[PDB]
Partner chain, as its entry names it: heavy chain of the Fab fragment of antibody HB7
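To begin, one chain is listed below as structure tokens, in the form deposited without its partner chain.
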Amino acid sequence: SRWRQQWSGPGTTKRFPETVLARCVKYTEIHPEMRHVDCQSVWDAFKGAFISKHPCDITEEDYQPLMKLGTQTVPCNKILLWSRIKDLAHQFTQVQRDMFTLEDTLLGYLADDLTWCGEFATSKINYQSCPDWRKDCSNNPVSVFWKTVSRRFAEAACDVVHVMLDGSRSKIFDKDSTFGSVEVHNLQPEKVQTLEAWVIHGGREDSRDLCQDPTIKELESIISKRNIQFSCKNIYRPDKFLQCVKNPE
């Protein structure tokens, strides 16, 4: 288009339509309980959320048709959130398969590690650049997608909700994250009794109780205000922790 401006963020992932379609087919193959899904309809609703729209004015309503088609009931008491440490959370649920991260749902599975955006009044995907959340605009197709689906995922949790936190970083709990700014504030006190944090140890620091870290105390204060209880555990040896989850015999 002769009106299309340059953005600071990377362009849409190459082969984005074909990648989403292939993922949808693969997911329904792996999960027989979701085989009612029509993957053509899913992609059509996904594309309809952002195609032909300015990629700085996307709203939660734009994704509502996709949200409906992707409706999925995950056992509300088996939900695992994560902050910065997505790799270990997914390895965990690959072993503890009755536990689920957002990326283990259909919608999270489709979009995991992809970027996308379009342009106003055109049917073309923008493969050259997409808005950066800081330098360009906050209401872009990718950021709006994850804050919408993340909020819905947290709203469905019940009983005890677990979150993995990255203990190798200066902000073990970071307000400037999906967990800190979306998930923690949309757990429903009527349904969730406790938020249990798993602080994953790593980095080049000598072993110490990281549940005493100031940002964890910050996290405890935040969730307590919402009338939800807080629990914290250190995962000192992640490799050994996974080994115990796999073969606790």
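Numbering follows the first chain given and starts at 1.
Although it is not shown, the form solved in complex with its partner chain is what the next lines describe.
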Its partner chain contact in the entry with it bound: residue 209, any heavy atom under 4.5 Å: yes
Contact of residue 194 with its partner chain in the entry with it bound (heavy atom, 4.5 Å): yes
Non-hydrogen atom contact residue 224 with its partner chain in the entry with it bound at 4.5 angstroms: yes
Partner proximity in the entry with it bound: residue 230 to its partner chain, non-hydrogen atom cutoff 4.5 Å: yes
Residues within stretch 127-152 having a non-hydrogen atom within 4.5 Å of its partner chain in the entry with it bound: none
